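Secondary and tertiary structure notes
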Amino acid sequence: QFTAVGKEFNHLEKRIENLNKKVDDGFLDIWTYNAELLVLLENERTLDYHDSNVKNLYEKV
Amino acid sequence: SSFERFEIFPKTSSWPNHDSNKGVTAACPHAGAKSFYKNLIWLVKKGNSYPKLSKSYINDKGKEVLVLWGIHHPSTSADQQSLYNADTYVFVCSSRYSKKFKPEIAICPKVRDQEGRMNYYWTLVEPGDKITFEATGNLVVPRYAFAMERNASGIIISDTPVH
Amino acid sequence: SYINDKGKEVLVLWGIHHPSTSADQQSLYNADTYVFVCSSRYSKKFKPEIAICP
């Protein structure tokens, strides 16, 4: 989605400031975690796949 | 998407009973000379009277118009009397917006060689709406407004070059 | 004044009138006036801004 992540608050709006920051940091954490795992898990499967193909080639022979 | 700046209340014609030249200060120097904002006019009394001010503007532009004005708050009553009247008010209202202002006269901490204050106000005028300014003093008046249409973005604070 | 005898929160609404002219103001109501509302929690004074609006 089209987003402008940035926001500006004054010296009397510290609470929504920290609400905004909580939104940015909660999404950061979710994405970071998911992206790391998605890689770790698909990398396992890829390498298994490659092993799987060789095996099937040798087995066919 | 459709921004433009236009003279809303011409200096030459809009203020016949008031002074529009003497509205400069050392706080806003131009060429090292006492100046003021280009988009607002600081009105001072003409001769020795500041008659009830009454000016209105209908938005003929096919879009929203952005109006800004200022309320002046002098430090001393001697200063107040010399620029403008003793008991004064400023009144602005459209069909949507409406606020009265009351000049708080007081000696504040000195900022930029200035012991007075000037509060800055703004509102959006609907396409086809009327906005009325009324005053007996202290009103920094609009000279330039902006016509526009918005698009649902942000602000970057950077030293990074443009290309 | 009104004490809330209902066993729950009560919602109160009121309005402040701002006439266009002093001739109108005088004819409905006095020249210098005020409205004051306060509970144990809420408290506000109101001051009639008399002016000709759009």
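Structure determination for this entry is recorded as X-ray crystallography, at 2.9000 Å resolution.

**Focus: the sheet that holds strand 12 (residues 130–135) of chain B**
Residues and elements named next belong to chain B. The strand order across the open sheet formed by 4 strands is 7-12-9-10, and the pairing between neighbours is antiparallel. One side of each edge strand has no neighbouring strand; the edge strands of this open sheet are strand 7 (53–58) and strand 10 (98–101). Ignoring strand direction, the axes of neighbouring strands in this sheet form an average angle of 10°.

**Description of the environment of B:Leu124**
All names here are of chain B. Relative to the helices and strands, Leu124 is located in strand 11 (residues 117–125). When its relative accessible area of 19% is taken as the criterion, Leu124 is described as buried. Along the backbone, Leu124 and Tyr97 are 27 residues apart, and their C-alpha atoms lie at a distance of 8.6 Å.

**A word on the pairing of strand 1 (residues 35–38) of chain C**
All names here are of chain C. As paired elements, strand 1 and strand 2 (residues 43–46) share 4 bridges and run antiparallel to each other. Bridging from a neighbouring strand, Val37 pairs with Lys44 of strand 2. Turn length for the strand 1-strand 2 hairpin, with the two strands adjacent in sequence and antiparallel, is 4 residues.

**Things to note about the side chain of B:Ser75**
Along the chain, B:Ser75 falls in the loop between strand 8 (64–73) and helix 2 (77–83). The residues contacting B:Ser75, other than those within four sequence positions of it, are B:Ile105, B:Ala106, B:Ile107, B:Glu115 and B:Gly116.

The rules we used
- Residues numbered from 1 in each chain as written, not as in the entry; some residues may be left out.
- Chains lettered and ligands numbered in written order.
- Part of a larger assembly, values for the part shown.
- Heavy atoms only, no water.
- Pairing = 2+ DSSP bridges.
- Helix = DSSP H or I, 4+ residues; strand = E, 2+ residues; numbered from the N terminus.
- Axes fitted to C-alpha atoms, helices over the stretch in contact; angles between N-to-C directions.
- Buried < 20%, exposed > 50% of the residue type's maximum accessible area, 1.4 Å probe, protein only.
- Contact = heavy atoms within 4.5 Å.

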